[PDB]
There are 2 protein chains.
Amino acid sequence: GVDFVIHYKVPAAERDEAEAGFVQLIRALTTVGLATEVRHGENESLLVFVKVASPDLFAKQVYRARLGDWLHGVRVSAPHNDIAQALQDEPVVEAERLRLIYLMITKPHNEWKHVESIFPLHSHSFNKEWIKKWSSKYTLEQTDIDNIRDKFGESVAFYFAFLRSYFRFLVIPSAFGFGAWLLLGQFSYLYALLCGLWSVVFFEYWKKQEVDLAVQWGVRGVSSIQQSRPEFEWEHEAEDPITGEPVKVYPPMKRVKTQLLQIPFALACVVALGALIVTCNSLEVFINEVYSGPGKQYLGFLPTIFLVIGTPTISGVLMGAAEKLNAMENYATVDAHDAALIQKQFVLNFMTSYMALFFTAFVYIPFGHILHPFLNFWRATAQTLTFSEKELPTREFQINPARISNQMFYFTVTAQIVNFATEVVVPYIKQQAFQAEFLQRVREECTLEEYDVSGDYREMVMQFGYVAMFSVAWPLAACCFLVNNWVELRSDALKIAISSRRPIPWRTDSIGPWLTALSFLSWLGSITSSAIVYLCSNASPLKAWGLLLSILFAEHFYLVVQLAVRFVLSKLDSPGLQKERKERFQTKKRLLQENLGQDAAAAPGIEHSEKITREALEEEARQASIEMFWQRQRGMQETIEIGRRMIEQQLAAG
Amino acid sequence: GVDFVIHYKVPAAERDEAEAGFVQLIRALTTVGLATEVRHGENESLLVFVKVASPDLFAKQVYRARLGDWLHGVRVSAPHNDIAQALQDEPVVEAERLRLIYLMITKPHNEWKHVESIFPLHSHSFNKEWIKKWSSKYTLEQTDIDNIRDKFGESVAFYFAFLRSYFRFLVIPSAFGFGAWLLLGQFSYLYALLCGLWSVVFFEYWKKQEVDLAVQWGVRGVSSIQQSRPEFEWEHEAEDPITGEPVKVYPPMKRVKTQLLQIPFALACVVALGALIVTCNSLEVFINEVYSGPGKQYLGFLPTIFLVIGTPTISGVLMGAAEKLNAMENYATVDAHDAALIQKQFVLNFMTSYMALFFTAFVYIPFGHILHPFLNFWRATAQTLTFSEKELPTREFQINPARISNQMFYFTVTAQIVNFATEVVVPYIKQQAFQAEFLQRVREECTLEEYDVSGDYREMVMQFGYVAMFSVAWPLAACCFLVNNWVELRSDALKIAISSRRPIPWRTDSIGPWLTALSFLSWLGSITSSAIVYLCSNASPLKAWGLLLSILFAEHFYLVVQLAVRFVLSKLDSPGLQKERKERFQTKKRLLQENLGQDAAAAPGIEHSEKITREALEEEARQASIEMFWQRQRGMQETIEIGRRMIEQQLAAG
Ligand SMILES: [Ca+2]
Ligand SMILES: [Ca+2]
Ligand SMILES: [Ca+2]
Ligand SMILES: [Ca+2]
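*Asks:* Explanation requested: the interface of chain B and chain A in the structure shown.
*Replies:* Across the contact, 94 residues belong to chain B and 92 residues belong to chain A. Here chain B and chain A share zero salt bridges between them. Seen at the junction of chain B and chain A, the total is 10 residue pairs in polar contact. Residue composition of the side of chain B that touches chain A, grouped by class: 49 nonpolar, 23 polar and 22 charged.

*Asks:* Is there a simple way to explain the relation of the copies chain B and chain A in this structure?
*Replies:* The two chain copies are related to each other by a rotation about an axis together with a translation along it. Aligned on chain A, chain B shows an RMSD of 0.1 Å; the corresponding rotation is 179° and the shift along the axis is 0.1 Å. Both copies of the chain, as the preceding transformation shows, are related through a two-fold rotation axis. With an isologous cut-off of 70% or more, the 91% of interface residues of chain B that recur at the interface of chain A puts this contact in the isologous class.

*Asks:* Looking at this structure, how should I read the packing of aromatic side chains?
*Replies:* Aromatic ring pairs are reported here in terms of the distance separating the ring centres and the angle at which the planes meet. Residue and element names in this part refer to chain A. Using the criterion set out here, one finds 82 aromatic pairs over all chains in the structure. Geometrically, the ring pair formed by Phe350 and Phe520 is tilted, given 6.0 Å between the ring centres and 55° between the ring planes. Among the residues examined, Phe520 registers a relative accessible area of 36% and is labelled partly exposed. Judged by centre distance (6.0 Å) and plane angle (40°), the ring pair of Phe520 and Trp523 falls under tilted. Here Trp523 and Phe520 lie together in helix α18 (residues 514-537), a separation of three residues that amounts to about one turn. Above the face of the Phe119 ring, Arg501 is positioned so that its terminal group lies 4.1 Å from the ring centre.

*Asks:* What's the story with the UniProt feature "transmembrane region" (unreviewed entry) in chain A in this structure? I'm lost.
*Replies:* Residue and element names in this part refer to chain A. The positions that UniProt labels "transmembrane region" (unreviewed entry) are, in the present scheme, residues 189-206, 260-278, 298-321, 346-367, 464-487, 511-535 and 547-569. Helix makes up 89% of residues 189-206 and strand 0%, whereas the separation of the span's terminal C-alpha atoms amounts to 26 Å. Note that residues 547-569 is 100% helix and 0% strand, and that its end C-alpha atoms are spaced 33 Å apart.

*Asks:* Please clarify how the coordination of the calcium ion (ligand 4) should be interpreted in this entry.
*Replies:* The reference angle at a metal is 109.5 degrees if four donors form a tetrahedron and 90 or 180 degrees if six donors form an octahedron. Protein coordination at the calcium ion (ligand 4) comes from B:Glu423 (OE), B:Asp456 (OD), B:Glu459 (OE), B:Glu488 (OE), B:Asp492 (OD) and B:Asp492 (OD), with a distance range of 2.5 to 2.7 Å. For the calcium ion (ligand 4), the six donor atoms in the first shell make angles of 50 to 156° at the metal, a pattern classed as irregular.

*Asks:* What is the right way to look at a nonpolar patch on the surface in this model?
*Replies:* Residues and elements named next belong to chain A. Together, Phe178, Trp181, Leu182, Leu183, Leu184, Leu190 and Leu194 line one region of the surface with nonpolar side chains, adding up to about 700 Å² of accessible area. Counting residues per element, the nonpolar patch draws most heavily on helix α7 (residues 171-184), which supplies five residues. Among the secondary structure elements, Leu190 is positioned in the loop between α7 and α8 (191-216). Taking relative accessible area as the criterion, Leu190 reaches 43% and is therefore assigned partly exposed.

*Asks:* I'm lost on the nonpolar core in this one. Help?
*Replies:* Nonpolar side chains in soluble globular proteins tend to be buried together. Membership of the largest hydrophobic core comes to 104 residues, with the highest contact counts inside it found for A:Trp130, A:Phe160, A:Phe162, A:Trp198, A:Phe350, A:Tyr354 and A:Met469. The dominant element in this core, judged by the number of residues it contributes, is helix α12 (residues 334-364) of chain A, at 14 residues. Core analysis: the second largest hydrophobic core is formed by 103 residues, B:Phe176, B:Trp198, B:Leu357 and B:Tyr451 among them.

*Asks:* Explanation requested: the coordination of the calcium ion (ligand 2) in the structure shown.
*Replies:* All names here are of chain A. Around the calcium ion (ligand 2), the protein contributes the donor atoms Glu423 (OE), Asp456 (OD), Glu459 (OE), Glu488 (OE), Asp492 (OD) and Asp492 (OD), which lie 2.5 to 2.7 Å from the metal centre. In this structure, the calcium ion (ligand 2) is surrounded by six donor atoms whose angles at the metal cover 50 to 157°, and the resulting shape is irregular. The calcium ion (ligand 1) is placed at 4.9 Å from the calcium ion (ligand 2), the two being bridged by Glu423. Linking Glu488 with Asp492, this pair stays in helix α17 (residues 477-498), spanning four residues, or about one helical turn. We classify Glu488 as buried; its relative accessible area is 0%.

*Asks:* Mind showing me how you'd approach the environment of B:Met462 here?
*Replies:* By secondary structure assignment, the location of B:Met462 is in helix α16 (residues 453-470). Along the primary structure B:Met462 and B:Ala473 are separated by 11 residues, whereas in three dimensions their C-alpha atoms are 17 Å apart.

*Asks:* Help me understand a negative patch on the surface in this model?
*Replies:* Together, A:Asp16, A:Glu17, A:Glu19 and B:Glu648 give the surface a local cluster of negative charge. Along the chain, A:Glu19 turns up in helix α1 (residues 17-31). The exposure class assigned to A:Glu19 is exposed, which follows from its relative accessible area of 61%.

*Asks:* It is not clear to me how empty space enclosed by the protein should be interpreted in this structure. Could you clarify?
*Replies:* Empty space left among the atoms is revealed by rolling a probe the size of a water molecule over them. What the largest cavity holds in volume is close to 150 Å³. What lines the largest cavity is a set of 14 residues, among which A:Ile612, B:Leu34, B:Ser54, B:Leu57 and B:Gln61 lie closest to the centre. Elements with a minimum of two residues in the lining of the largest cavity: α21 (609-625) of chain A together with α2 (55-71) of chain B. The calculated volume of the second largest cavity comes to roughly 130 Å³. Looking at the second largest cavity, the residues that line it are A:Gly33, A:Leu34, A:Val52, A:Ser54, A:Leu57, A:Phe58, A:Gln61, A:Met104, B:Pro604, B:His608, B:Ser609 and B:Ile612. Those elements that place two or more of their residues in the lining of the second largest cavity are α2 (55-71) of chain A together with α21 (609-625) of chain B. For the lining of the second largest cavity, the per-class residue count stands at seven nonpolar, five polar and no charged.

*Asks:* Mind showing me how you'd approach the pairing of strand β2 (residues 36-42) of chain A here?
*Replies:* Where a strand is regular, its side chains alternate between the two sheet faces. Residue and element names in this part refer to chain A. For β2, the tally of buried residues reaches five of seven residues, placing the bulk of the element in the interior. As defined by bridge partners, β2 adjoins strand β3 (residues 45-51) across seven bridges and the pair is classed as antiparallel. Its bridge partner lying in β3, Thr36 is registered against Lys51. Linking β2 back to β3 in an antiparallel pair, the connection comprises two residues, with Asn43 at a positive phi of about 60°.

*Asks:* When you look at the state of the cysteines in this model, what are you seeing that I'm missing?
*Replies:* When the sulfur atoms of two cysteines share a covalent bond, that bond is a disulfide. Within the structure shown, the criterion is met by zero disulfides over all chains. A:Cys195 takes part in no disulfide bond, and the closest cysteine sulfur, belonging to A:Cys479, lies 12 Å away. For A:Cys195, a relative accessible area of 1% corresponds to the buried category. The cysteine B:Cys280 is free of any disulfide, with B:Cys269 supplying the nearest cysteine sulfur at 17 Å.

*Asks:* Would you mind showing me how to read the side chain of B:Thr31 here?
*Replies:* Residue and element names in this part refer to chain B. Along the chain, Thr31 turns up in helix α1 (residues 17-31). At a separation of 2.2 Å, a polar atom in the side chain of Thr31 contacts the side chain of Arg27. Not counting residues within four places of it along the chain, the set of residues in contact with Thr31 comprises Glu37 and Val50.

*Asks:* Could you clarify how one ought to interpret the UniProt feature "binding site: Ca(2+) 3" (unreviewed entry) in chain A in this entry?
*Replies:* Residues and elements named next belong to chain A. The UniProt feature table records "binding site: Ca(2+) 3" (unreviewed entry) at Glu423, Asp456 and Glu488. Every residue in contact with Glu423, bar those within four places of it in the chain, is listed here: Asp456, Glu459, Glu488, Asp492 and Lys495. Setting aside residues no more than four positions away along its own chain, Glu488 makes contact with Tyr159, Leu163, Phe420, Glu423, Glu459 and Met460.

*Asks:* Would you explain helix α15 (residues 437-447) of chain B in this entry?
*Replies:* Because each turn of an α-helix spans 3.6 residues, side chains separated by three or four positions in sequence point in the same direction. Residues and elements named next belong to chain B. Listed as buried for α15 are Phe438, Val442, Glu445 and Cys446. The buried residues of α15 occupy one face: seen down the axis, they fall within an arc of 105°. Turned more than 90 degrees from where α15 packs its buried face, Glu437 and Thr447 sit exposed. Packing partners of the buried residues in α15 comprise β1 (8-12), β3 (45-51) and α4 (124-136).

*Asks:* Sorry, what's going on with the sheet that holds β2(A) here?
*Replies:* As a general point, the strands of a sheet are linked pairwise by backbone hydrogen bonds and lie either parallel or antiparallel. All names here are of chain A. A sheet is described by the order of its strands in space; here three strands give the open sequence β1-β3-β2, paired in antiparallel fashion. Both edges of this open sheet fall to β1 (8-12) and β2, since each of them pairs with a single strand only. Averaged over all adjacent pairs, the angle separating strand axes in this sheet is 25°, with direction ignored. With five bridges joining them, β1 and β3 adopt antiparallel strand pairing. Looking across to β3, one finds that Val10 is bridged to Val48.

Reading the values: rules and limits
- Residues numbered from 1 in each chain as written, not as in the entry; some residues may be left out.
- Chains lettered and ligands numbered in written order.
- Heavy atoms only, no water.
- Contact = heavy atoms within 4.5 Å.
- Salt bridge = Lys/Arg side-chain N within 4 Å of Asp/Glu carboxyl O.
- Polar contact = N/O pair within 3.5 Å; in protein donor to acceptor, adjacent residues only side chain to side chain.
- Nonpolar A, V, L, I, M, F, W, Y, C, P; charged D, E, K, R; others polar.
- Least-squares fit on C-alpha atoms.
- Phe/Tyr/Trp six-rings, centres within 6.5 Å; stacked < 30°, edge-to-face > 60°.
- Buried < 20%, exposed > 50% of the residue type's maximum accessible area, 1.4 Å probe, protein only.
- Helix = DSSP H or I, 4+ residues; strand = E, 2+ residues; numbered from the N terminus.
- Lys NZ or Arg CZ within 6 Å of the ring centre and 35° of its normal.
- UniProt positions renumbered as here; feature names shortened; annotations may be inferred.
- Donors = N, O, S within 2.8 Å, 3.2 Å for Na, K, Ca; no water.
- Tetrahedral: all angles 85-135°; square planar, octahedral: opposite > 155°, others 65-115°.
- Patch = residues over 30% accessible without salt bridge, like charges linked within 9 Å, V, L, I, M, F, W, Y side chains within 5 Å.
- Areas by Shrake-Rupley, 256 points an atom, 1.4 Å probe, with all protein chains shown as cover.
- Core = buried A, V, L, I, M, F, W, Y, C linked by side-chain atoms within 4.5 Å.
- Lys, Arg positive; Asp, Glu negative; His and termini not counted.
- Charge placed at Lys NZ, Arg CZ, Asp CG, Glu CD.
- 1 Å grid on protein atoms, 1.4 Å probe; cavity = no way out; pocket = protein on both sides within 12 Å on 5 of 7 lines; lining within 4 Å.
- Points joined across faces, edges and corners; volume = space filled by probe spheres on them.
- Pairing = 2+ DSSP bridges.
- Disulfide = S-S within 2.5 Å.
- Arc of directions from axis to C-beta.
- Axes fitted to C-alpha atoms, helices over the stretch in contact; angles between N-to-C directions.

Structure below.
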């Protein structure tokens, strides 16, 4: 097991001595401001190793960070022992350390004229047992995820927390999905209902989980604490309505107006990518269904090639408009900025993941006769390419309902197998192609890319969409994903260890933008599922009332289930919210104890009512100093006897 | 201006001396336990006047109440001056006083074997200027509502706060409603969209307002503080997960199961009342449209008579099932119990308010030919009643599309005019029929019923439903309500003063159950409006795609607008939530100041990095006591020069 003695590593690119020297000078000048540097240079770029010297001055800042998080309400419990030494009963976590030191480097004490990167080194001793402990287990445990947070951070930890929770909830649709396939058959108006019921439950349950995890890990509300973006544009400067600190203000409603440009942007993505996909699909239909002679197997690959060339090209242009629009929307924090870019990308992701299926389930199978003009375009076009005047041989366009079954098999089986290769084997091959002890190891790790949680997030989010929307045409889809996800936990853990450098510890109290993505896919999947069932069941397909009622009932079934599930979960106890609400109580309680001598939160004796008589006496006397207003027959019994006397008097009248 | 010197009044019914005497004895025995009693008896029932004697012992309990509200998080700011006398810079409010002693009277220190009632006396001096100041103003102000809370309480105050906000938001549909009527015409697929847009805005805006009002009045979360119901059934006893106090527990999910019986209950109400209303409507059609000879004007009243007899009779039975089901659901607090009974009643209210219109807009006008079997039933039935064998004269059933216009005129004009009479003139007539100074006045006031906020709440809530659902067939409806609501503010204030006794000060942080009612009416009104537009426009009415597309677009327009409005409002500042989040900050800040000497929330000088060198020296020495692991070239410049030396060395290779 190889060891490490470094906290962070800073490589400074060496182009020309003039600026490279200046870079090395002041970067050193600043780093030594608070942290030790040992600078050994390898691979034509100098490597500045940085670690905290004084542990006394470090824990003084770690504790100061604990206070900051607690002050703004991010941390549930204060470190109010007030002595930093004895406060290490809650010891400094490696992620907590690595994060806080990263800040000292990356706070406004740096970022420095094209520094190559800043990254911590891995822990081979930890990564070994990591992939080992998980490859032996059939079932992961919460403490395993807690360990992930400890060494890497909540940003990485939540994904595994999400993937794990999504994995076990995926058992349910694997159950009645197998049962639907085994008994009920394809296109069942029952699996769709159970799929909608499931999607609502899993989503609402995970939202409830995120609060608990945020409280457990003490990151609840960390999103509005992180450093604001440098290139954030602000019109004026005011006071924080909470903290009172000088915050730079930019009109929220002015941002809302700018964010309205996502509506035409989204349509542009649906049109651009959609036209690209529906075109390749028409070729796929023309080449296979409509014959076109020898070389068909050679020709069959050609439309697939168009996708590979077309997708990054068209979406790359659209991404430029996204990145440009993202800056215009002007986000205060790095958290909000990257979360908005991801949402913009989701429209691109949606198209390149489902449009092939939409074309099949809503255009191809239920109608298909509208594809004839598309087919003729390829008929004439291919004739030109042939160069020979003779017509390409042709046969009647016949609709094959097995198309939706073949595509679903790809996305659920074949596409997931080539995923394991692309996500793991291809990066590992790159290492093989590349092919003191610290330095060689550090050379290696310097090369790798930073781990991106977003890539792993969408792979599962887009996968969920397949279940929510198109699994009614292939009920065995959930089972294929269930198997994949077990390996996905292992595989993603494996690539973090050896295929990428250790990511900077970063904190979030939610999966973020992916929540809306899941929620949208779940809703649209209620319309999609039922609509597919009606159209693909194959009486004449009466689009008028037949299609719309199927959608009307299933969508409203989804909406009612939504209200039902939330209602039930709202009456269940929530550990996360209970902790925060209890600390707040006791904190308020403590001040009361200190201020009032422990005695607050009995009833006076009857004899005290004589003191009551005394106060009435004192009132009368003060009024006696000075008409009907002050009348009292004082004493307990005097009133009783008068009232008693009244009782027999009133019956005397009767 | 007549004055008062009493806080509360307790009349004890006198039937037979044995129990009436026992009632008078111990009720007195208990009342004097903490409060003064003067007992003068009038109108065959003894009147026990109760007021607080010791003002020193009273403010000691008022302040203790302030602490209680603040401790549980209901109050934003503590009364932490700790001296009750100087804490009257926030003086004791009359409602605050009256509420707290009502508790003193009615907590488990009473309720006492059929005590007639317990109620405070009005303030004629205040009620005079009340109706005066509002009858002079064109526009009410927040401070006017604040005054209402002061003398009556938040329960009464919220209604007027709701009515006022609902009144001014009702200006908007009065605007484009007049415009739709003036220009666009009836059944416009544009007013409906603006109606849905408006309903979402007003509702979401009011929800935001309730938080602010709750914070302003310091009642935020008071619902889970009030005394639990005596007849609440509890299985076991545990500790409050927050307070730690012994709370009696009843399984929430066991209640959820019991609450599932509202689904068949609702259907029973829709069927029972629905059958009753659709029957009277068939008579209305038979008597007017289908002639039936002389006495038609006399006969015309007969179906209306059926409604007046039928409605309280059928719904009275259904209410018994509601009251029975309500107890089974077993609610912990009186707040939750009455809120659930109101929700059950809403189904009855919904039917008796809109079913006549549904019959017109969905059965009568767009079809009507399905009414022929209903008409024949009355044809034969009337023949039997006539006693003469000769057939009743008959004429062709002809559909009149002006029916929906006539009914809408009733509900918006005529029904609101007879409302002013029933809600104000009829109670005032009752006083005229009824026709020392303390005695005369208190005798009069004892008779009056307790003010019910629920009655005034539904009148406006059911009115809102007319706008949200059926105003597209009568766009001038909002204007008629706008005029009514201005008077409604005045009139309801007038009946509280003279038509009813002063209500006990009671606190809530929301309008409660009416929120869901408004939200449901707003949603259903999106389907109702568009469906009405399509069906009542009057090509053949293709129910299949035509009706459903109209609903599909308008409902989804509603759902998207919902997300849009919430998104916008979520980026606006909320005064209520800002106060609570700031106190929590400063409270946490204060403890930090006390504990750490005011100094927490600069950067060390470069020379300190020599102390950094010192700590590295201390590390080495301790390791020196004891291979590649501990390597350092100490000092700022030693690292710089080595790195510098590396620079020209690496270029030498090149
Ligand atoms: Ca994979
Ligand atoms: Ca992955
Ligand atoms: Ca009225
Ligand atoms: Ca009213």
